[PDB]
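Structure record follows, encoded as structure tokens.
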Amino acid sequence: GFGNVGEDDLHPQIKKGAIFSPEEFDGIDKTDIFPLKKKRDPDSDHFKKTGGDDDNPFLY
Amino acid sequence: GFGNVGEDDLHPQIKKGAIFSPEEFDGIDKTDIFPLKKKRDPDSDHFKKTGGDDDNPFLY
Amino acid sequence: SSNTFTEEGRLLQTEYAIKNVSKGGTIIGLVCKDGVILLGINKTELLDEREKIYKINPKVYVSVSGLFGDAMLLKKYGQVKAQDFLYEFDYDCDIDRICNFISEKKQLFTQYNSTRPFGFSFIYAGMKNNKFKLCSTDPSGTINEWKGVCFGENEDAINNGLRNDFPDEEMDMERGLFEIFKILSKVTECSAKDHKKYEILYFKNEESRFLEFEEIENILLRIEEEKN
Amino acid sequence: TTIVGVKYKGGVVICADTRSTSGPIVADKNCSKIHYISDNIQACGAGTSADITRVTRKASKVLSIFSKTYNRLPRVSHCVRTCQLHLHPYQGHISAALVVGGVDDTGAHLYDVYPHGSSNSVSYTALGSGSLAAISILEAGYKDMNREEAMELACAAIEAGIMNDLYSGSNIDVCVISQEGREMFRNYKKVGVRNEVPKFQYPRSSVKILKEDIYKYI
Amino acid sequence: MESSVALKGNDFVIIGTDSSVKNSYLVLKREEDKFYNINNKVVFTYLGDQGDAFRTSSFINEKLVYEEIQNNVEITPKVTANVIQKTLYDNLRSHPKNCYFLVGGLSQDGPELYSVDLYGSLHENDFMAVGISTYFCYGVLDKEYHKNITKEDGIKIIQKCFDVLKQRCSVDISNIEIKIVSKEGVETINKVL
Amino acid sequence: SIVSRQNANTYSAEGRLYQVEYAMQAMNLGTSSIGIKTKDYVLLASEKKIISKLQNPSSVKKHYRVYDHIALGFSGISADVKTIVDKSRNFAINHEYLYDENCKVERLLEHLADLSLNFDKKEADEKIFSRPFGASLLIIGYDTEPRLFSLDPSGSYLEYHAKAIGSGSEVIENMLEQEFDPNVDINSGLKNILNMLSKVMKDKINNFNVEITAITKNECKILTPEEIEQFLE
Amino acid sequence: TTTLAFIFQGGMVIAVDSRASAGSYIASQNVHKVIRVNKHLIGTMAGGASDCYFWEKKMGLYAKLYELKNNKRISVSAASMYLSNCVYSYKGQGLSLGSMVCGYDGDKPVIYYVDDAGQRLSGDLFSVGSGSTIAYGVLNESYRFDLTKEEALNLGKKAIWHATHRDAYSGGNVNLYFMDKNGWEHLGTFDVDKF
Amino acid sequence: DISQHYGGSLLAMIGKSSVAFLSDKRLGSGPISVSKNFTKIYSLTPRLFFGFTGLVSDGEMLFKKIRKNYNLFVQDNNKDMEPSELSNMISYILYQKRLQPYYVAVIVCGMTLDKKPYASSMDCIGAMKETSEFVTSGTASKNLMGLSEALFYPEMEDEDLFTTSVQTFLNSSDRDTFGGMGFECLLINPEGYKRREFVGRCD
Amino acid sequence: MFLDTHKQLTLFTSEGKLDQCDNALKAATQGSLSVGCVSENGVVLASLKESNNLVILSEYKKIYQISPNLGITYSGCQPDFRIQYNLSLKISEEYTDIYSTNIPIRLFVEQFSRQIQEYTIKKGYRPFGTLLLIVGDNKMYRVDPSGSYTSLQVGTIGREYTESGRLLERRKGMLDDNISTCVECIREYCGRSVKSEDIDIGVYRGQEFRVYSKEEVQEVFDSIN
Amino acid sequence: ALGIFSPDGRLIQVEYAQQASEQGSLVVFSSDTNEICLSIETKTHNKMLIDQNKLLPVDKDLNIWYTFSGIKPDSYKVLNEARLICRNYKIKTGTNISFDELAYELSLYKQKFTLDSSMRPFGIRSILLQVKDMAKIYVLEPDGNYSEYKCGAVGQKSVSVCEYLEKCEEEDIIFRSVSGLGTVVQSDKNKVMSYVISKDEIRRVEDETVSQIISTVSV
Amino acid sequence: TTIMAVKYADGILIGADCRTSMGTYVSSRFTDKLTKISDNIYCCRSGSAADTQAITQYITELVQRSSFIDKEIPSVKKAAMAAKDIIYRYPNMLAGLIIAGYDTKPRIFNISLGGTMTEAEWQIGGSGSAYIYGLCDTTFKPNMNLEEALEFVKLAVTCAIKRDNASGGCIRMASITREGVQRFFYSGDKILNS
């Protein structure tokens with residue numbers, strides 16, 4: 001809840017600094033393929049399996 | 001892979017016994033309501049949501 | 001025949017490769033007080049590129065005589081192995097290590113039944129224990145250290161001359177090259193002319209430098225002075 | 001980072017912005033996002049910058065060997081097939097989406113290639129962040145065109161991406177591949193004009209040197 | 001976790017490591033020799049997972065001996081350290097060794113002291129403090145170390161660092177092995193703190 | 001190579017493989033050795049090939065222990081027998097690993113026979129060489145009975161009550177019809193074997209040019225020069 | 001399990017507990033936790049019975065093959081190194097194994113503690129198993145290098161008995177061994193109930 | 001996390017006929033500064049330099065790999081390597097580990113064979129960008145980039161370039177926790193280079 | 001015995017020279033005449049291509065491009081040259097992948113020579129029966145089946161290498177004039193009246209190597225007459 | 001043919017390798033308890049050629065020394081494999097390799113190429129020698145045979161020196177070896193140098209005493 | 001996505017929608033989902049765009065290879081079997097195809113998601129097929145003419161386009177017959193504006 005703000009500034013670590021930092025709320029030049037968050041390629045368009053039984057797979 | 005067999009036998013624990021137990025393959029008097037593994041009441045038989053976009057919920 | 005002993009205990013292919021080496025352009029080496037002379041004789045005339053003497057490390061240079069393709073293959077191999085040594089231990093290897101690389105590969109090729117020996121010989125100029133050294137590798141893979149040596153055309157004559165008429169005197173590298181040219185002229189008068197095909201390296205472990213035609217003719221001025 | 005490709009009657013127009021970003025920080029103000037594949041094929045890309053260059057370089061190598069060996073102008077379908085066969089085995093871990101366009105014996109073709117190895121012949125597309133802004137212009141303004149109208153529509157499409165996307169750039173690169181050949185327009189437009197500010201200068205005395213070793217190049 | 005402190009002065013290098021072998025809850029042994037003397041000019045100590053540490057140390061010692069005898073390689077702290085770095089790096093991304101080293105000795109350029117950490121990172125410095133000593137002993141080393149320390153002063157500084165560890169660190173340390181490498185050879189000192 | 005493999009595998013118009021026929025000549029070119037098997041002991045006596053007296057007599061030993069209560073004597077090309085001994089030791093170790101017991105000697109003989117002619121194989125651990133081994137072996141051991149086996153380079157083996165191998169093999173064989181009776185004690189039989197060895201061996205028999213291995217239910221004894229002297233005198 | 005091995009002036013003492021359990025159920029009470037590989041080399045298995053027994057019998061074959069090759073007894077250092085390498089090849093695969101390879105290299109006793117992590121330590125006193133901590137306490141109080149043979153054996157016999165008295169995963173018979181320059185001798189299979 | 005374990009940052013500014021290459025001399029072990037004298041800039045020649053930020057072991061092994069390749073190339077060629085060629089080769093070396101990339105960022109600085117300044121940078125997998133003005137790397141890359149964009153102007157003289165780059169690097173390190181305290185500036189020019197070491201904050 | 005695939009087909013003779021390599025050189029020297037002429041401002045490469053079959057001379061080429069700056073032509077066995085051309089294209093593309101620049105002629109020739117010399121030591125393999133002229137970077141290299149290479153100012157490979165090099169040697173100079181010279185001499189060397197179809201020309205000038213089209217070759221002939 | 005029997009029953013190629021191993025400069029050695037002495041024939045009448053030391057250490061800690069006779073290039077390979085065997089054995093087992101085990105493994109390595117169709121047998125007689133607890137000298141034949149030697153000689157004329165050495169009256173090993181080498185060498189054409197291998201120490205014997213010893217046999 | 005194949009009198013008729021969704025965004029709205037395997041074999045792809053393209057690129061060359069190896073018109077059965085092995089041998093590849101063609105008789109093969117191959121008289125696939133199973137069941141008629149089947153496909157795909165968000169655009173149709181393949185086009189404006 002309190003966010004452990006300052007743990008790194010409080011302990012020797014044998015990044016929680018004393019002041020809360022922005023966006024607390026990789027080494028590759030990636031950029032994005034679409035403005036949509038995770039989308040990269042067309043959606044998998046097929047009728048998707050639902051129902052049946054997953055916790056009793058072998059009781060056909 | 002090896003299963004850590006005998007770790008509790010080999011270390012003081014500061015239940016992997018010496019011989020392999022069949023369990024590797026609660027205190028309440030509980031019986032099964034149906035033979036099915038983990039089902040005990042009628043399935044929720046509505047029309048289930050699929051597709052759309054759960055990655056970008058707010059891009060209505 | 002391939003790489004197999006004969007009834008006399010001889011590897012015929014290795015001996016024929018050593019014979020082939022004698023057909024190559026003449027190359028000479030000499031250890032002096034302050035460095036090592038590496039000398040090569042090209043059949044053609046070319047100054048835009050050096051063909052008889054090459055570099056392996058800042059510490060090692062090599063002369064070449066024999067099959068040019070095999071010689072360049074193993075030159076590249078030795079350079080790659082020297083760079084691998086530098087990668088491993090973070091410092092350049094001495095003459096002995098390059099000799100060992102090339103000798104190991106050559107011996108492997110004179111021991112494998114389904115391959116032929118490398119038909120070329122190297123002379124390695126370098127240093128070890130702060131003293132200049134001059135090694136050599138035959139097609140057989142044997143490593144020979146020398147005060148002076150010659151391979152290629154007229155190798156027997158120049159080698160016999162080095163053994164017989166050399167002053168046996170520790171001397172500056174300039175005097176060494178002077179004596180080398182004198183013996184070359186003595187055993188063959190073709191060395192008193194046509195020096196545009198010569199490559200001379202004044203190997204010093206850090207300050208190695210090549211000699212140009214003006215230096216060669218300036219040296220020959222001494223022979224002009226003395227012979228008359 | 002908006003990319004745009006437009007196909008017209010006898011060629012393709014491939015436009016792109018000149019910005020590269022790493023987080024919320026602009027890394028390259030005038031990056032060139034159009035990669036050479038052949039005299040008659042060009043490829044843009046969105047995603048991992050290293051993957052775009054290397055995937056488009058593999059296509060360039062395979063298409064250069066093909067044209068040098070068989071002495072015929074490479075096909076656009078050959079470029080896309082090479083990219084697909086390379087991207088698919090990696091399951092998209094090589095994150096490269098391309099807009100491959102070119103003109104060959106069969107005419108002008110424009111393809112969208114996605115990181116997982118799928119391709120799609122197209123008439124107009126946009127890629128990267130800002131493609132939605134670009135595709136809106138392409139949807140409204142696209143028709144049967146010549147290179148003049150196609151150039152304007154594609155540049156208007158990129159402009160929309162630049163103006164409305166945070167991660168889209170400042171300049172517009174353009175390349176037209178037609179039956180008459182390829183022509184390039186680097187920094188074709190400069191919509192993202194910067195302000196002119198004086199050059200600040202420190203005093204030489206503002207810095208102190210402790211030790212200085214001087215080395216000579218030879 | 002396993003602590004080692006080393007410092008170098010003029011024409012001598014001090015390496016001090018705790019001789020106790022221990023795990024989370026138990027001290028298996030209290031006097032273990034964690035040094036390798038490849039040749040009397042170079043001494044390196046291995047730390048971390050004992051199973052990985054001793055195995056890598058043995059491989060490195062035998063490789064250095066082989067390279068010295070066969071290839072006439074010059075064994076110096078830099079060459080030894082580069083071999084450590086290559087051995088650790090090769091396995092880093094396939095079979096990482098959970099061990100780190102501290103190589104010291106004399107070369108033609110004078111005393112050298114190298115630290116090869118868990119990831120194979122090699123760096124030279126005037127004094128080193130690996131393990132927990134990285135968090136406790138660097139202040140003491142900064143306060144006390146100076147270029148012209150004598151060998152006895154170096155031993156005393158090592159003792160002070162390991163005394164800081166004795167007094168403040170929660171983990172128990174009782175024995176330290178100090179091996180001083182100098183032109184006189186290698187001198188071994190055993191102290192119970 | 002295919003050509004060399006074919007050269008190994010070529011049959012003669014008489015049948016028997018050419019390489020086996022040549023290994024038959026090879027196995028004869030060695031020093032003599034006698035193996036005697038009786039109801040309670042098996043002996044193996046071999047003449048040492050001391051090329052020069054400067055050669056260390058103890059270092060030219062000719063009997064190899066392949067396992068507990070199995071010993072191997074040989075004649076012919078000595079270089080080959082090193083690989084055979086190593087392979088036999090591996091086989092015995094593997095047999096104990098699988099079954100926790102000392103292998104029947106005939107089991108080792110069958111394993112070696114299987115390996116012998118597999119030289120045409122490309123895989124490395126299920127063949128002896130790329131050719132027949134130029135040695136003839138007298139393998140003795142104790143499993144439940146004193147066992148004497150002879151493995152020849154053709155890959156075949158036979159259990160014997162008595163056999164001699166080496167350059168003096170035929171003479172000792174023609175002598176065995178008279179000088180051998182399985183009913184005598186270990187000491188008398190050992191004296192007989194030593195006499196038979198002396199009757200064909202190059203130089204005068206003594207305790208330093210002779211090596212004796214006697215395997216019994218109680219011990220796999222190898223006699224030292226003192227015991228060989230006690231039996232010679 | 002609780003195992004114990006240590007060195008004293010007169011020789012070396014080894015003691016184990018001989019219980020084997022599968023969770024709460026005690027599967028066996030007469031398991032032999034000592035592998036005799038030769039008259040001067042034994043190994044005290046601890047941990048996964050099948051794992052330690054297999055590699056110890058695989059190490060016992062390497063010692064046997066080494067003896068045939070060199071006509072000479074294998075050293076403890078090489079025997080334990082062979083065992084250490086075998087388990088190390090399976091490091092990180094969950095293999096659980098801890099053992100002491102005890103023996104004499106001629107006139108010198110040495111105990112090598114080996115475990116599944118590839119560790120290999122030579123020492124004068126080791127205790128391995130769940131009850132090792134209890135054994136360490138009893139030994140620390142009374143263990144001395146100057147013990148007489150009878151004192152050392154009783155210390156090892158008593159130290160294992162205490163560990164069994166207080167640990168759940170041990171308490172079969174107290175198998176006791178004494179290894180000297182002339183070899184080991186099985187000194188008893190004492191039942192902990194009859195002390 | 002692994003890059004900021006060792007910390008450190010690089011800055012390369014291009015003037016006219018000169019390029020300034022700056023790095024901090026701190027080696028980290030997390031919060032603790034293990035050494036105050038760790039140079040992250042390597043010199044193949046007086047005209048070819050490059051520094052690494054990220055895992056230090058990766059940087060050192062990449063340096064040895066780059067030196068191997070460069071020495072072989074120089075032996076195989078009649079001419080020295082162009083800094084553009086060196087950067088392209090480094091990018092190729094980085095991308096051969098695409099599935100297990102080095103955790104480093106590379107800046108390559110030097111003088112072209114026609115004696116013009118050159119600088120470039122690339123990410124973990126060789127995404128290389130040639131720069132005409134300046135390029136930064138490491139923990140303080142954000143502060144360095146901002147202050148360089150604020151202060152850099154084209155064609156600055158060698159000494160003005162030195163002072164401006166030094167000021168930017170000092171002020172960017174002062175706002176970076178792992179920014180180091182010891183600093184090194186290689187002032188590179190067609191006649192060679194000058195290794196200048198200066199100091200800033202002492203904490 | 002049947003053919004031994006493991007046999008070493010290249011060996012030293014008792015005269016201290018490779019037997020099969022000289023036969024490969026003989027095979028290469030029997031090929032169609034092809035010449036190269038270095039100039040003070042460029043390099044000219046020309047190759048006579050015979051039409052003993054119904055070959056489409058417009059489509060059939062004798063000079064090939066390795067890279068934007070390198071060109072190549074051969075005398076000897078056509079299939080061996082095609083394999084060597086595949087190999088050299090691989091070399092050039094690998095260098096361009098690594099360094100991103102066009103491969104310098106010397107490095108290319110060294111790597112190419114090593115890779116073709118590997119066949120003088122490979123078991124069950126004969127050396128390539130092709131002589132190669134490589135033009136680029138204001139240089140010219142002739143590569144021998146042995147894998148030995150030599151830089152040349154004026155070179156020749158093919159059957160007419162006994163006479164063809166004369167005018168090249170004696171009239172080296174301006175590139176354009178040198179093109180006229182080295183295309184004029186070839187008439188005396190071809191077995192029939194040389195049409196522009198029967199000759200193929202490639203010229204390195206400035207930065208890149210370009211193979212003249214049949215129209216350019218026609219123009220080069222018109223320039224003479 | 002390689003790895004095959006001849007119609008006579010001979011391994012022809014192995015015997016050719018033996019003969020090649022004979023055609024080499026003669027090495028003569030003689031050992032007594034706690035010491036070994038051996039001498040090498042050298043061809044250094046040619047002064048430009050620098051003699052190469054023919055006694056090379058296999059392991060300095062174990063004090064194992066190596067020398068050979070025959071094809072010199074093969075000597076480098078065999079010595080490298082000997083050093084590798086020592087180092088690999090110490091890595092695998094954590095203990096120093098025993099001299100007999102090293103000899104066995106080196107002879108097995110030599111035998112490897114004798115069983116190979118693709119490879120040519122090593123044409124070198126190699127000598128392993130050690131003085132740590134007692135003097136032991138192993139002579140490894142090119143075919144893989146090996147056995148300890150009290151004293152002997154290897155090379156072109158090994159038979160004559162072996163006959164001279166056999167059952168001799170003298171017991172001074174320096175005299176033994178030096179005189180044995182002196183019986184055949186062409187003095188001033190091929191000269192003699194000798195070393196004394198002692199307990200973890202090595203020394204050259206100097207040429208004057210060698211000359212005054214061989215004066216008795218080469219005159 | 002809505003794809004369907006119906007076998008009518010002496011022919012095969014396949015219909016599909018054009019929309020290529022990406023989350024809520026239509027990545028493209030002119031995608032051709034009727035992938036030609038050969039001049040007489042067409043397949044409708046459903047599943048991963050990359051994987052289904054990979055399969056159809058491969059079986060495209062397999063049907064030709066076997067077609068010329070035995071000198072016969074490419075076989076729909078061999079194309080379907082060839083697809084089934086790849087879809088089965090490689091579970092990581094999420095692919096399901098309707099392969100319909102005309103070698104000697106019209107035939108429809110449905111390779112389900114896990115490699116389950118079934119011959120069918122009519123088949124539907126894609127996300128939008130879920131909403132027209134009742135419509136196709138009640139409205140299908142054996143041995144339709146071209147006009148009847150064209151209306152049947154037109155009605156079914158239209159009602160899938162309305163309800164399914166991943167299905168949209170014009171209805172691409174292709175009728176494979178013994179005399180060849182001819183494409184059709186039901187413009188989306190007629191569908192949407194209706």
Side-chain angles (χ1 to χ4, degrees), chain A, chain B:
Chain A
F2 273 74
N4 297 329
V5 179
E7 273 298 317
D8 295 57
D9 189 281
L10 176 41
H11 282 126
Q13 202 187 306
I14 290 164
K15 197 160 291 303
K16 316 246 154 263
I19 303 146
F20 201 80
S21 66
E23 80 179 59
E24 177 170 326
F25 301 122
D26 198 2
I28 286 170
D29 294 357
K30 194 135 64 175
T31 78
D32 263 303
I33 291 147
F34 282 107
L36 313 165
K37 188 156 285 192
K38 269 189 226 82
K39 302 334 217 263
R40 283 193 298 152
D41 85 292
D43 254 335
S44 297
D45 59 346
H46 60 103
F47 181 58
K48 225 158 262 213
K49 201 236 177 210
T50 58
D53 231 355
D54 320 58
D55 217 323
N56 303 290
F58 312 125
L59 290 175
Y60 314 124
Chain B
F2 274 78
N4 298 332
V5 177
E7 271 292 1
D8 301 55
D9 169 9
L10 176 55
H11 283 121
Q13 200 182 305
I14 293 168
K15 209 161 294 304
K16 270 49 174 65
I19 298 137
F20 200 70
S21 170
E23 187 274 327
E24 280 89 350
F25 293 119
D26 196 5
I28 286 173
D29 289 357
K30 181 159 57 179
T31 56
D32 294 304
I33 290 154
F34 283 104
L36 309 172
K37 293 290 290 184
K38 301 188 185 188
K39 301 186 154 298
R40 54 200 172 105
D41 35 31
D43 266 337
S44 301
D45 289 318
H46 57 96
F47 177 58
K48 211 150 296 187
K49 198 181 79 82
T50 54
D53 63 359
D54 40 282
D55 318 69
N56 300 283
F58 312 126
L59 299 187
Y60 312 127

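Naming convention: chains lettered A, B, ... in sequence-line order (proteins, then strands); numbering from 1 in each chain. Side-chain atoms are counted along with the backbone in the values below, which use heavy atoms only and exclude waters and symmetry mates.
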Pairs of donor and acceptor atoms under 3.5 Å between chain B and chain A, please, with atom names and distances.
{"unit_1": "B:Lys37", "atom_1": "N", "unit_2": "A:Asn56", "atom_2": "OD1", "d": "2.9"}
{"unit_1": "B:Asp55", "atom_1": "OD1", "unit_2": "A:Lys39", "atom_2": "NZ", "d": "3.2"}
{"unit_1": "B:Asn56", "atom_1": "OD1", "unit_2": "A:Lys37", "atom_2": "N", "d": "3.1"}

Residues forming a side chain to side chain contact (heavy atoms under 4.5 Å, CB included) with B:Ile14, sequence neighbours excluded: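 Applying side chain to side chain contact (heavy atoms under 4.5 Å, CB included) to B:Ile14 gives B:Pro12, E:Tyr25, G:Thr133.
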Under 4.5 Å from any heavy atom of chain A, what part of B:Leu59 do you find: side chain, backbone, both or neither?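 The answer is the side chain of B:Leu59.
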